[PDB]
Each structure stands twice: as structure tokens, then as C-alpha cells.
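> After the C-alpha cells below, expect a handful of questions from me.
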Amino acid sequence: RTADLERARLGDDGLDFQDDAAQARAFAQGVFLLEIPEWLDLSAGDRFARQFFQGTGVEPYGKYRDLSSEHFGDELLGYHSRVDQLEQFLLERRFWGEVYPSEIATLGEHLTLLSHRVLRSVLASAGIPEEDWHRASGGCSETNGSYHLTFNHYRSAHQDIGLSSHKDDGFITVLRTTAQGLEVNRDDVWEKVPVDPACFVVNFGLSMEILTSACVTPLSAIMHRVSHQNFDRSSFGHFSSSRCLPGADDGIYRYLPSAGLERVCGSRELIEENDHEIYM
Ligand SMILES: C[C@H]1CCO[C@]2([C@@H](O)[C@@](C)(O)CO)NC(=O)[C@H]1NC2=O
Ligand SMILES: O=C(O)CCC(=O)C(=O)O
Ligand SMILES: [Cl-]
Ligand SMILES: [Fe+2]
């Protein structure tokens with residue numbers, strides 16, 4: 001029914017779970033709760049998620065409904081109506097300063113540095129050598145990855161599932177949710193993720209699963225979905241991927257213990273393949 005997730009916070013040494021066993025469960029499941037720093041203001045992001053889809057009559061964020069992928073030269077970006085209840089606004093970090101409201105780009109930057117700290121804690125626990133982190137993470141072990149700040153709205157009038165079962169593409173997703181609907185399939189049973197507006201939900205994407213698939217303790221990309229919503233719902237997430245610019249793709253790698261990194265596919269290629277199976 002309801003998943004019982006481990007809870008972590010970022011501290012002086014990195015990710016702090018209650019004990020080492022709890023960290024191992026969290027990383028093995030591929031999903032856990034992360035305490036939101038008390039200084040971090042999420043209210044503008046919350047408002048953007050409630051407004052982005054409403055058009056230019058609605059201030060200050062409704063106008064982002066009018067920015068489609070054409071305006072960015074990148075089919076992933078801008079406003080997208082999906083086949084499920086979900087509609088989205090997606091923007092990669094290279095456009096945040098120019099295109100997002102200033103306070104929304106600020107939020108994106110805070111989340112990038114928090115996620116960077118989360119990812120480095122995970123890479124260390126996997127025993128991957130530090131000098132391989134940059135290439136293994138497509139730049140996300142520093143701040144050279146591809147980062148999408150993505151706003152979600154579930155149109156409860158559409159007779160669809162909220163968002164189909166899927167795995168995220170990348171290494172780390174930091175998910176901000178304040179209402180029921182998110183479900184996870186940790187072990188062949190769907191379970192509700194408990195709502196705690198004081199925590200983010202963190203999960204691993206396909207790139208984390210590929211990277212660690214040959215390690216002693218492989219880490220999984222959690223299968224998750226959003227159930228059919230009878231009232232409206234919104235949320236947003238920060239997604240870290242191997243640099244996947246249209247002209248500069250850092251590739252997707254698997255770590256072979258005692259050997260090094262082996263290339264599996266392209267970063268954008270993984271995203272296109274994954275977006276395909278999610279929706280059709
Ligand atoms: C890379 C980018 C686009 C790909 O789509 C995802 C995907 O999780 C989803 C469900 O939001 C697309 O609808 N969203 C992102 O922001 C990012 N990662 C995803 O997996
Ligand atoms: O809205 C949610 O809670 C989840 C959204 C999600 O999983 C995604 O956008 O990839
Ligand atoms: Cl609509
Ligand atoms: Fe997701």
C-alpha cells in the first residue's frame with residue numbers, strides 16, 4: 001500500500017542516513033526521502049508548477065505555455081502536452097538564465113548543487129575511482145552535466161493515468177511533490193510514496209543503473225508512475241543527465257570493476273529511446 005522509505009539529509013560529510021544498513025537499503029531500492037534545507041525557498045517553483053500551463057492571462061508564469069520546442073532548437077524543451085494526464089514545461093540549464101524567470105533559474109541552480117552533492121555521495125559508496133567520476137557521470141560529478149528543471153501538471157479532466165510507469169533517463173532526480181499520486185514498484189508491487197512536503201523524493205535513473213550494473217552492489221532505477229488524478233495535481237523535478245546537448249554528447253558508460261568505463265550508448269539516444277517506451 002504505502003512504501004516505507006529511508007530518510008536522509010545532506011550533512012558535513014555528504015548524505016547521512018540513520019545508519020549504514022539504511023543507506024544500503026535506500027540505494028538498493030533506488031528511491032528515498034531527502035530533507036529539504038530550511039533555507040531553500042520552494043514557493044516560486046511551487047507557483048510555477050501551478051501556473052505554467054495557463055497562458056499569458058495568468059501572472060507571472062502562465063505565459064510559458066506559449067514556448068514550444070521550436071523556440072529552443074531542442075525537441076525535448078518547452079511546453080509539452082503528453083498522452084497521459086500530464087502536461088509539462090521542460091528547460092535545460094543552458095537556457096535557464098535567458099528564458100526562466102530569475103528566481104526560477106536561482107532555484108534550478110540550488111537544486112543542481114544539492115543534486116551534485118547527492119550524486120558524489122552515491123559514486124563514493126559504489127567504489128568507482130574518483131578520477132573516473134567525471135566521465136562516468138557525463139559531467140554531473142562536477143557541474144558539467146545536462147540538467148533539466150521540469151514542471152508537471154496533471155489534468156484531472158483527462159481520462160488517462162496520471163503518468164505511465166517509467167524509469168527516469170539520468171543519474172539523479174530530485175522530485176518536489178506535495179500531494180498524493182506518486183507510486184513506486186520496488187518489488188513487483190505498486191506502493192504509494194508517502195507525502196512529506198518537508199522532503200524531496202530522490203530516485204536514480206537509467207544511467208545510474210547502467211553505470212553500476214556490473215558492480216558488486218548494482219543500483220536500480222526505480223519504476224514509478226502517477227495514478228489517475230481526480231483533482232488537479234502539480235509537482236516539479238530536477239533531472240541530472242550525462243551532457244546531452246544536440247552538438248555535444250558525453251555518452252553513457254558502464255563501470256567494469258578493475259578495468260574502467262565502457263561506452264554503452266549516447267545520452268540523448270538513451271533519452272529518446274526511453275521517452276518512446278514510456279508513452280507508446
Ligand atoms: C532528460 C529530461 C527529458 C526526458 O523526460 C523525463 C521524464 O522523466 C518525463 C516523465 O518527465 C518526461 O515526460 N523528464 C525530464 O525532465 C528529463 N528526464 C526524463 O526522464
Ligand atoms: O509528478 C510526479 O510526482 C512524478 C513526475 C515524474 O515522475 C517525472 O516527471 O518523471
Ligand atoms: Cl490543456
Ligand atoms: Fe519520473
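So you can find residues: chains in the C-alpha cells are A, B, ... in the order shown, residues in each start at 1, and ligands are numbered from 1 in order.
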Please return as a PyMOL selection string the residues found within 9 Å of ligand 2, counting only C-alpha atoms and all ligand atoms.

chain A and resi 86+88+150-154+162-169+173+175-183+201+224-226+233-237+239

> Store the residues picked out above in a file with N, CA and C atoms, as a compact mmCIF listing (two decimals), in the first residue's frame.


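Listing of out.txt after writing:
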# COMPACT_ATOMS: atom_id res chain seq x y z
N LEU A 86 -0.66 14.18 -17.76
CA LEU A 86 0.43 15.13 -17.55
C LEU A 86 0.60 16.10 -18.72
N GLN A 88 3.66 19.40 -19.32
CA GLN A 88 4.96 19.74 -18.73
C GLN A 88 5.56 21.00 -19.34
N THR A 150 11.98 20.79 -14.58
CA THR A 150 10.83 20.31 -15.32
C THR A 150 9.61 20.44 -14.43
N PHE A 151 8.59 21.14 -14.91
CA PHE A 151 7.38 21.41 -14.15
C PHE A 151 6.24 20.56 -14.71
N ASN A 152 5.47 19.94 -13.82
CA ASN A 152 4.44 18.97 -14.18
C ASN A 152 3.07 19.44 -13.70
N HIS A 153 2.05 19.25 -14.53
CA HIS A 153 0.67 19.48 -14.13
C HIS A 153 -0.21 18.36 -14.66
N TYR A 154 -1.00 17.75 -13.78
CA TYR A 154 -1.86 16.63 -14.13
C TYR A 154 -3.28 17.16 -14.37
N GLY A 162 -2.24 9.23 -14.62
CA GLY A 162 -1.55 10.49 -14.42
C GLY A 162 -0.26 10.56 -15.21
N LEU A 163 0.61 9.56 -15.03
CA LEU A 163 1.84 9.42 -15.79
C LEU A 163 2.20 7.95 -15.79
N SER A 164 2.43 7.40 -16.98
CA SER A 164 2.68 5.97 -17.14
C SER A 164 3.92 5.51 -16.37
N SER A 165 3.91 4.22 -16.03
CA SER A 165 5.07 3.55 -15.46
C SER A 165 6.32 3.81 -16.29
N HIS A 166 7.41 4.19 -15.62
CA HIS A 166 8.63 4.51 -16.36
C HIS A 166 9.83 4.53 -15.41
N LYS A 167 11.01 4.59 -16.01
CA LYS A 167 12.23 4.94 -15.32
C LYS A 167 12.73 6.26 -15.88
N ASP A 168 13.29 7.11 -15.02
CA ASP A 168 13.89 8.34 -15.49
C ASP A 168 15.16 8.01 -16.28
N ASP A 169 15.60 8.96 -17.10
CA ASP A 169 16.71 8.70 -18.02
C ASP A 169 18.07 8.71 -17.33
N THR A 173 17.26 12.12 -9.93
CA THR A 173 16.10 13.00 -9.96
C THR A 173 15.81 13.48 -8.55
N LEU A 175 12.87 15.22 -6.74
CA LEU A 175 11.45 15.39 -7.02
C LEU A 175 10.80 16.15 -5.88
N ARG A 176 10.12 17.24 -6.21
CA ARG A 176 9.34 18.00 -5.23
C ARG A 176 7.85 17.70 -5.45
N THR A 177 7.23 17.02 -4.49
CA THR A 177 5.81 16.71 -4.54
C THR A 177 5.17 17.04 -3.20
N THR A 178 3.97 17.60 -3.26
CA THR A 178 3.23 17.96 -2.05
C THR A 178 1.86 17.31 -1.99
N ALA A 179 1.52 16.42 -2.93
CA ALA A 179 0.23 15.75 -2.93
C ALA A 179 0.39 14.30 -3.35
N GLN A 180 -0.53 13.46 -2.87
CA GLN A 180 -0.57 12.05 -3.22
C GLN A 180 -0.61 11.84 -4.73
N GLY A 181 -0.16 10.66 -5.17
CA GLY A 181 -0.25 10.27 -6.56
C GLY A 181 0.94 9.47 -7.05
N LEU A 182 2.13 9.81 -6.55
CA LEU A 182 3.33 9.08 -6.92
C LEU A 182 3.31 7.68 -6.32
N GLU A 183 3.59 6.69 -7.16
CA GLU A 183 3.67 5.30 -6.73
C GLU A 183 4.97 4.69 -7.23
N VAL A 201 11.73 13.73 -2.85
CA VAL A 201 11.92 12.33 -3.21
C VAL A 201 13.10 12.26 -4.17
N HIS A 224 8.36 3.86 -11.54
CA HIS A 224 7.37 4.67 -10.83
C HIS A 224 6.34 5.27 -11.81
N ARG A 225 5.24 5.75 -11.24
CA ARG A 225 4.13 6.24 -12.05
C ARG A 225 3.37 7.23 -11.19
N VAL A 226 2.40 7.91 -11.81
CA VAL A 226 1.45 8.74 -11.08
C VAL A 226 0.05 8.23 -11.43
N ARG A 233 -3.24 18.20 -9.94
CA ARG A 233 -2.03 17.94 -9.17
C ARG A 233 -0.87 18.57 -9.93
N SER A 234 0.11 19.07 -9.19
CA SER A 234 1.32 19.58 -9.82
C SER A 234 2.53 19.20 -8.97
N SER A 235 3.70 19.29 -9.60
CA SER A 235 4.96 18.91 -8.99
C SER A 235 6.06 19.41 -9.91
N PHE A 236 7.31 19.31 -9.45
CA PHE A 236 8.42 19.59 -10.33
C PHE A 236 9.63 18.79 -9.87
N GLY A 237 10.57 18.62 -10.79
CA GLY A 237 11.77 17.86 -10.51
C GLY A 237 12.97 18.47 -11.21
N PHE A 239 16.47 17.09 -12.88
CA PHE A 239 16.96 15.87 -13.50
C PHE A 239 18.41 16.09 -13.93

> Residues of stretch 129-230 of chain A that approach stretch 253-270 of chain A to 7 Å or less, counting only C-alpha atoms: could you list each one with the shortest pair of atoms and its distance in Å to one decimal, rows by chain and increasing residue number, as a Markdown table?


| residue | atom | partner | partner_atom | distance |
| --- | --- | --- | --- | --- |
| A:136 | CA | A:253 | CA | 5.9 |
| A:169 | CA | A:270 | CA | 6.8 |
| A:210 | CA | A:254 | CA | 5.6 |
| A:211 | CA | A:254 | CA | 4.1 |
| A:212 | CA | A:255 | CA | 6.2 |
| A:213 | CA | A:254 | CA | 7.0 |
| A:214 | CA | A:256 | CA | 6.0 |
| A:215 | CA | A:257 | CA | 6.4 |

> Output N, CA, C and O atoms for every residue in that selection, as an mmCIF file, in the first residue's frame.


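Contents of part_25.cif, freshly written:
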data_model
loop_
_atom_site.group_PDB
_atom_site.id
_atom_site.type_symbol
_atom_site.label_atom_id
_atom_site.label_comp_id
_atom_site.auth_asym_id
_atom_site.auth_seq_id
_atom_site.Cartn_x
_atom_site.Cartn_y
_atom_site.Cartn_z
ATOM 1 N N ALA A 136 32.276 9.088 -16.012
ATOM 2 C CA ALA A 136 31.213 8.127 -15.724
ATOM 3 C C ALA A 136 29.860 8.805 -15.546
ATOM 4 O O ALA A 136 28.818 8.189 -15.806
ATOM 5 N N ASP A 169 15.595 8.965 -17.105
ATOM 6 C CA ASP A 169 16.707 8.705 -18.025
ATOM 7 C C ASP A 169 18.066 8.714 -17.329
ATOM 8 O O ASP A 169 18.967 7.965 -17.728
ATOM 9 N N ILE A 210 22.697 1.607 -15.438
ATOM 10 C CA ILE A 210 23.684 1.143 -16.399
ATOM 11 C C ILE A 210 25.088 1.261 -15.818
ATOM 12 O O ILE A 210 25.872 0.309 -15.852
ATOM 13 N N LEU A 211 25.420 2.437 -15.280
ATOM 14 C CA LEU A 211 26.747 2.680 -14.726
ATOM 15 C C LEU A 211 27.158 1.607 -13.722
ATOM 16 O O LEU A 211 28.294 1.121 -13.753
ATOM 17 N N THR A 212 26.248 1.223 -12.830
ATOM 18 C CA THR A 212 26.555 0.335 -11.718
ATOM 19 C C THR A 212 26.147 -1.110 -11.970
ATOM 20 O O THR A 212 26.232 -1.929 -11.052
ATOM 21 N N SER A 213 25.712 -1.447 -13.185
ATOM 22 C CA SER A 213 25.135 -2.771 -13.406
ATOM 23 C C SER A 213 26.154 -3.893 -13.232
ATOM 24 O O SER A 213 25.768 -5.031 -12.947
ATOM 25 N N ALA A 214 27.443 -3.611 -13.417
ATOM 26 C CA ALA A 214 28.472 -4.626 -13.235
ATOM 27 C C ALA A 214 29.185 -4.516 -11.898
ATOM 28 O O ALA A 214 30.151 -5.248 -11.673
ATOM 29 N N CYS A 215 28.742 -3.625 -11.013
ATOM 30 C CA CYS A 215 29.353 -3.510 -9.702
ATOM 31 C C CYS A 215 28.890 -4.646 -8.799
ATOM 32 O O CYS A 215 28.000 -5.429 -9.140
#

> Give the residue list for ligand 3 at 9 Å, counting only C-alpha atoms and all ligand atoms, as a list in words, sorted by chain and then by residue number.

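The residues near ligand 3 are residues 53, 54, 81, 87 and 155 of chain A.
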
> Any chance you can output those residues with N, CA, C and O atoms as a PDB file, in the first residue's frame?


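So part.pdb came out as:
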ATOM      1  N   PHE A  53       0.956  26.323 -17.301  1.00  0.00           N
ATOM      2  CA  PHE A  53       0.113  25.807 -18.375  1.00  0.00           C
ATOM      3  C   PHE A  53      -1.062  26.719 -18.715  1.00  0.00           C
ATOM      4  O   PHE A  53      -1.814  26.417 -19.653  1.00  0.00           O
ATOM      5  N   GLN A  54      -1.226  27.838 -18.011  1.00  0.00           N
ATOM      6  CA  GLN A  54      -2.468  28.609 -18.069  1.00  0.00           C
ATOM      7  C   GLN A  54      -2.460  29.759 -19.082  1.00  0.00           C
ATOM      8  O   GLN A  54      -3.503  30.391 -19.272  1.00  0.00           O
ATOM      9  N   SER A  81       2.245  18.895 -24.143  1.00  0.00           N
ATOM     10  CA  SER A  81       1.100  18.109 -23.705  1.00  0.00           C
ATOM     11  C   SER A  81       1.410  16.636 -23.930  1.00  0.00           C
ATOM     12  O   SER A  81       1.774  16.246 -25.037  1.00  0.00           O
ATOM     13  N   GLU A  87       0.825  17.375 -18.387  1.00  0.00           N
ATOM     14  CA  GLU A  87       1.460  18.338 -19.281  1.00  0.00           C
ATOM     15  C   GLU A  87       2.659  18.945 -18.555  1.00  0.00           C
ATOM     16  O   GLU A  87       2.684  18.997 -17.321  1.00  0.00           O
ATOM     17  N   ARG A 155      -3.770  16.988 -15.589  1.00  0.00           N
ATOM     18  CA  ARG A 155      -5.081  17.498 -15.986  1.00  0.00           C
ATOM     19  C   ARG A 155      -6.124  16.453 -15.589  1.00  0.00           C
ATOM     20  O   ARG A 155      -6.314  15.452 -16.284  1.00  0.00           O
TER      21      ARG A 155
END

> Could you jot down the atom CA of residue A:238 to atom CA of residue A:204 separation for me, Å, one decimal place?

11.9 Å

> I'd like to know which of A:121, A:26, A:232, A:252 is closest to residue A:51, using only C-alpha atoms.

A:232

> Would you please extract all strand (DSSP E) residues from stretch 189-269 of chain A, as assigned by DSSP on the backbone, and give them as an NGL selection string?

:A and (190-192 or 199-204 or 223-226 or 233-241 or 252-256 or 260-265)

> By how many Å are atom CA of residue A:276 and atom CA of residue A:207 apart?

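Distance reported for this atom pair: 16.3 Å.
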
> List every residue of stretch 132-263 of chain A that DSSP, applied to the backbone of this structure, assigns to helix (DSSP H, G or I), and report them as a ChimeraX atom specification.

/A:132-136,206-211

> Can you tell me which residues surround residue A:208 at a distance of at most 8 Å, considering only C-alpha atoms, apart from same-chain residues fewer than 6 positions away, and format the answer as a list in words?

residues 170, 171, 172, 219, 220 and 221 of chain A

> Between A:229, A:68, A:217, A:43, which one has atoms that come closest to residue A:104, using only C-alpha atoms?

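Of A:229, A:68, A:217, A:43, the one nearest residue A:104 is A:43, counting only C-alpha atoms.
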